[PDB]
Amino acid sequence: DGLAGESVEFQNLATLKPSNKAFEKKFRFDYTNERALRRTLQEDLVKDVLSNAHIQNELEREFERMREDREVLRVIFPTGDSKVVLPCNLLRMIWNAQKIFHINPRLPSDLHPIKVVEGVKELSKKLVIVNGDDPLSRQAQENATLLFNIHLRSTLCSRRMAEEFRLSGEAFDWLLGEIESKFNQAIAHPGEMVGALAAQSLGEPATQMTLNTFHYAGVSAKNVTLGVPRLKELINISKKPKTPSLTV
Amino acid sequence: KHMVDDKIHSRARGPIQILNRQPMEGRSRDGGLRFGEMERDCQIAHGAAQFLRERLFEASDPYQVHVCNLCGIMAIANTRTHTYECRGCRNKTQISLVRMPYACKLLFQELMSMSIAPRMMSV
Amino acid sequence: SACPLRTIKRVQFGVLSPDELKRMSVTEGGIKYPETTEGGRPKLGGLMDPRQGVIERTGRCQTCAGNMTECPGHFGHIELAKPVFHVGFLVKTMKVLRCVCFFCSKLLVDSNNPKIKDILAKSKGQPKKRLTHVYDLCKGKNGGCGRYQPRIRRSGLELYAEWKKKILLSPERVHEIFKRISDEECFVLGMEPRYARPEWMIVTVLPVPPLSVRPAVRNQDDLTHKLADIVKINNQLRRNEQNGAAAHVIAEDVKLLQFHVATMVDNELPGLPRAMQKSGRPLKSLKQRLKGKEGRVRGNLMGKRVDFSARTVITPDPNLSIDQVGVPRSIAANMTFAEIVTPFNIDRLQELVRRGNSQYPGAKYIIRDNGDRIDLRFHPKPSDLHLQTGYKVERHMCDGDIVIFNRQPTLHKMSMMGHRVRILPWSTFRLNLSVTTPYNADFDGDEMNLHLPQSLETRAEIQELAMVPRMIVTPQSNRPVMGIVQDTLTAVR
Amino acid sequence: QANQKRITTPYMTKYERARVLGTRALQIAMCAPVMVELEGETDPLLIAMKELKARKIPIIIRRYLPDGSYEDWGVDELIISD
Amino acid sequence: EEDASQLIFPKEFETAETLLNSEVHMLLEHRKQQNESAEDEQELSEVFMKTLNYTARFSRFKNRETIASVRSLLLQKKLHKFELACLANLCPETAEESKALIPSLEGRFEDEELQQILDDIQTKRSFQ
Amino acid sequence: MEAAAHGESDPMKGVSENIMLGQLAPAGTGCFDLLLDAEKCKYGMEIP
Amino acid sequence: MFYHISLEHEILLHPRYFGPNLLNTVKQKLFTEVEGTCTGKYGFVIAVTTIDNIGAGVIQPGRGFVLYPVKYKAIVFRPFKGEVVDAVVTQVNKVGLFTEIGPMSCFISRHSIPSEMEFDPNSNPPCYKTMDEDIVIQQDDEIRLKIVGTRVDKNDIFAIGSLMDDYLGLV
DNA sequence: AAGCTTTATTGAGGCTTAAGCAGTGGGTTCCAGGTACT
DNA sequence: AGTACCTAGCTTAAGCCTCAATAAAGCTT
RNA sequence: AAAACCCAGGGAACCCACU
Ligand SMILES: [Mg+2]
Ligand SMILES: [Zn+2]
Ligand SMILES: [Zn+2]
Ligand SMILES: [Zn+2]
């Protein structure tokens, strides 16, 4: 991905592990309801969304991308877990933005949801891992930030922005700048000794992790062998491992 | 028995070994600390290439040797009369000066003693 | 000094040509005397040769004008009577002997072959893989001369040919048969004749390293004793074949000479008796000097002793920042930083110079513009203590200086940090508490190493990279490594 | 390669900044002219950091592409990391 | 190894370009003039004014226009730069003298044409 | 020896070649080279 | 022969001498350090015509100065083997003949001087002349000499002339 | 002559052997002995 | 007699030993 | 006799400690 290992944090993918109805209930941003729009947005913005159908079409299109993203994540993560490392802690910065701008989220918010969709799309263009314009670089850029963009859309969708976050227009503008600035700081620096860093990153834990933590049974019948010798058998390709095994 | 005055020692360009122009060993002979292999690896990981060069060459054993440009073997140089000739080649004009540690010069020397030519080309 | 300063872009490894070795040698007549010195003075042509290098301090080289420090040493050569193959290249020699025709000295593989052209097409730049393909291809032939494959077996060290008659095979026989392989013929086997030629693998002239390699302290080196055996036996062969020609003393002394030169390179021959000295200690050969963990590559080139370093026990101290280390005064009064004289600090540095050494904040070395050092601990005349812009002052380290602070074993990159120097009275390294966790040093008698970056440029390199605030978060597990020590943690809870 | 084909990262990464600071403080310590108006300092490293914040270091950095090519970025042209 | 009598030159002086005594004289005089101006500059080397006086004493073409005429006259004949420069500097008067001073001119040009070239040189030689 | 027997070369593009040869390795803070600007030196004033 | 070639040399600039005008300092450095010098390969460095190219300034790692590769047109002269060159006689000796070609001192020994061209110290100027007193080579004369060989010592070249071949001697 | 049989034949499975095996200080002992010749 | 001169396991490639298809060679009907 | 001791020219093996 081209991201250095210092400026990343454990984050939770909200798009992963809802039900289909739960996913739609939490992300679709149903614009048909009157009172919900009245409570969340200011009245000038409420009639703007209700009157125009182009905005409604765009809000439907971004949800289409989320279902596409939801399928992609489930293919990437067959296991039902979402604890993944990503550079920008989006939830914290949103919470950071809330306290900076004194949201008072009881009042209806005042940012146009079309600004959220347009701001996210512009932000995704600004986050560049691979330069160039040819489709080979475009695919690499898409694949480099595929996971981050899915998480970026999920946390900064129109429904959660107007319902559970309720940032302001200036706060959202600050949020986009902060995310862009922090993502550029997490880019791997050309010239980092990754090989030396990775080698120490594996050998340092090798001292702490026991030579024979597997003296005990481990799996009741199997002798897992996990330990320095198991690490050794992987570092040098041993054609005669101490305990070969299968998982049928 | 492990008191601190028996263990404290510092050094700045103290006595230098005779086999290779490196610092002594042990504080009894005013020896210096050894910047071992893992220390070199850690300074690579830090990316502090200039500090690594300083430690391993400038602060340990700086040395210079004259090598002719054609053949990668060290030549003979009279710095008093400024005569720089490579016996075997006799070029006397295409000869270069390099700054390389005395340990590396020694190593190349017994490599030549093994009939091996570490021909250094500066071009 | 007239030679331009250059950097080594590439180094090419090849065997020394015997003709090349002779001409580069400084011992023109060759080492013909087993003696070390003659009547208290170095004997020309002996083991210690004045042309070879500088013998003692306050002396000059006879080849160059070296002062025992600027003299790199000059090689000599030993024209031994009968050619000898030496160890190491023997395994490669045997493979070459298999590939080449024993009698016709031909490639034995008929390079006019699409199989070999396929191999050459595959082998563009890999010499060892090219030689492998051919060795497997060589198999068995007897192909052109007829009955020309003698199985070449190696008994002990000496290798002997054996048809299905067995005869011990002379090293000079190897030299004669490698003389015939052509240039492109060598390129098929993966040796460039411009750099490596098979006939050069047989050592027909032995290089003796200069005095810089083997030292003398009156007392001779272990390598010197072995070279004494080489020239003692070499002179024996030279006189035996000069007039004796017994054809049997030669048959044994050549083997004895072969053993000695072989052991000089590699001591631990697996099946051959280790060489011995009069003291009873096995002699350290050149290969033994390099292969060990205490050898040259690892023990001297990779990890070496360094000046400007201190080592003492650490004691905890919570009254200073995490980037500050409390070094003792005596260490600070013995460790110097080279500060450049500029008009900004010319007055401050002048104040340090007049203090001199043993006046803690002062200095001990002052360097002129031409690299001339003047000591300050011996009180020279005040006339040369003047300072102008351009001088160097090696002043004792003061507060705020940057040091590298590491603990063996250095496992990860947080085992070696840069700290700011604080001067405290007692004779220990006072460092902060949260720095313990990355170091794994629990003050139970642990002693620490402190390195000082001597140049100004490397000082900024550490300050922008190796300061402890800049590696609070690890890259291995994207989490902080400093943390809070136990006593603060329990008290804050 | 011209400025149209200038593909390296516009940000001054930490190794480049660390070496620029060292090589500029070394020059300042050797009586090089100072690019920025100093308010009175003796440590040349602080002067180099001040120049870094002023983006007035008279150094062009040559970034070697792994293929053999190289780009020439100005210090003022590079975006400072901090 | 080198011999200009049959035009054997080292590989280094293959792209070299020759100059006249008068061309060198005028170039050195211009450089001396710029040395007179552009203050805070020390005097030039001993070789500088040594060669300047050497080429001023042996100057044969007092005019830069004469220099241009000699070049436009001599370049279009098949002459090597060394032969052309030596002919224009030594200024022989007889074809035998020109062939003896420069033995690499044997058969390059007809002796009548060579004598005509020498007569042209003498015509454009700035007399004193 | 095997490199010497095969006449091998070494581009020294790695790290430890420069380390043992004592020259600066291309391992970060040294992966690049620095060029002194000509124009920016004109804009700087001389300190007293 | 007086040659106009392009030569490459590296100039070293300390930061103390950077100044507001940097390239003029490099020009002065080049105009000082190669002028009047002599190389065994290219001969006498007579003058630098025009500084052609100034290369990129590579700051030496660790050490302070910057490095400038410089290409420049230069007027040079190198003596050859086998050419007749005009010369000015500086001294006539019983052993040889001291002649001058620009900055180069040339020694024409008498054994390489024909038998007719004899030495006479009886004349007020010690000079070379024949018995017919037709060719008189004395102090401050304009002659032509046949360069046989050149020797370089202490970074300058001196040569040996001869008068064996025809049309050699006083002009 | 197409097929069977033999016989090298040639690539493909089984046995010994080097060669490596984390970092810095402090003390002790030993480095010729044996003959030979005055 | 004193002294100077001579003489504990490991692993893995790697070379080495043996064994079964197979086409050339010559019989075979 | 700059007697600028600007302050070691010994190595090897073994054992014992500390992390
Ligand atoms: Mg401890
Ligand atoms: Zn040479
Ligand atoms: Zn020497
Ligand atoms: Zn044959």
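Going line by line, the protein sequences match chains A, P, W, L, E, Z and S.
If you use the authors' numbering, the first sequence closes out at 1141, no skipped numbers anywhere.
If you use the authors' numbering, the second sequence closes out at 1174, no skipped numbers anywhere.
Going letter by letter, the third sequence gives residues 11 to 152, 182 to 203, 212 to 264, 271 to 546 in the authors' numbering.
If you use the authors' numbering, the fourth sequence closes out at 127, no skipped numbers anywhere.
If you use the authors' numbering, the fifth sequence closes out at 141, no skipped numbers anywhere.
If you use the authors' numbering, the sixth sequence closes out at 1487, no skipped numbers anywhere.
If you use the authors' numbering, the seventh sequence closes out at 171, no skipped numbers anywhere.
A virtual CB, placed ideally from N, CA and C, is assigned to each residue, including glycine.
DSSP three-state call for residue i: helix, strand or coil?
i, result
"W/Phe390", "strand"
"A/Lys914", "helix"
"W/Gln22", "strand"
"W/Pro189", "coil"
"W/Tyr43", "coil"
"S/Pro69", "strand"
"W/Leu402", "helix"
"S/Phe119", "strand"
"W/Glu38", "coil"
"E/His43", "helix"
"W/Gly415", "coil"
"W/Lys445", "strand"
"L/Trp118", "strand"
"W/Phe99", "helix"
"W/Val119", "coil"
"A/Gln1034", "helix"
Please list, in chain order, all residues of the same chain as residue i whose beta carbon is under 6 Å from its beta carbon, the five residues on each side excluded.
i, result
"residue 1152 of chain A", "Any property of residue 1152 of chain A remains undetermined from this structure, which presents chain A solely from 894 to 1141."
"W/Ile537", "none"
"W/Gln311", "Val94"
Say yes only if the C-beta of residue i is nearer than 8 Å to one or more non-hydrogen atoms of ligand 5, and no if none qualify.
i, result
"L/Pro103", "Absence of ligand 5 from the depicted structure is noted, with ligand 1, ligand 2, ligand 3 and ligand 4 being the only ligands included."
Let's test the definition: count the other Cβ atoms within 10 Å of the Cβ of residue i and tell me whether it reaches 16, buried, or not, exposed.
i, result
"W/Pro124", "exposed"
"W/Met469", "buried"
"E/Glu49", "exposed"
"Z/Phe1471", "buried"
"L/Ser114", "exposed"
"A/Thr1140", "exposed"
"W/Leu26", "buried"
"A/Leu1127", "exposed"
"L/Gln72", "buried"
"P/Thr1134", "exposed"
"S/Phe18", "buried"
"residue 153 of chain W", "Here chain W is numbered 152 followed immediately by 182, so the structure offers no position for residue 153 of chain W."
Would you kindly report the start and end of the unbroken alpha helix (DSSP H) that includes residue i?
i, result
"W/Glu232", "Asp230 to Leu236"
"A/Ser1017", "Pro1006 to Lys1019"
"A/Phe956", "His947 to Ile969"
If the criterion is Cβ atoms closer than 9 Å, does the pair residue i and residue j meet it?
i, j, result
"L/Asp121", "Z/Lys1479", "yes"
"W/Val534", "W/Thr463", "no"
"S/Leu30", "S/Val70", "yes"
In its own chain, which residues sit with a C-beta less than 8 Å from the C-beta of residue i, not counting the 5 before and 5 after it?
i, result
"A/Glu1011", "none"
"W/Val144", "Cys109, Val119, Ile126, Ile129, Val235, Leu236 and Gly237"
"A/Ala1099", "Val1121 and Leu1124"
Within the continuous beta strand (DSSP E) that includes residue i, where are the two ends?
i, result
"W/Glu500", "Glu500 to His504"
"S/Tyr128", "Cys127 to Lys129"
Can you find the residues in the same chain that come closer than 7 Å, C-beta to C-beta, to residue i, ignoring five residues on each side of it along the sequence?
i, result
"L/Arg51", "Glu116"
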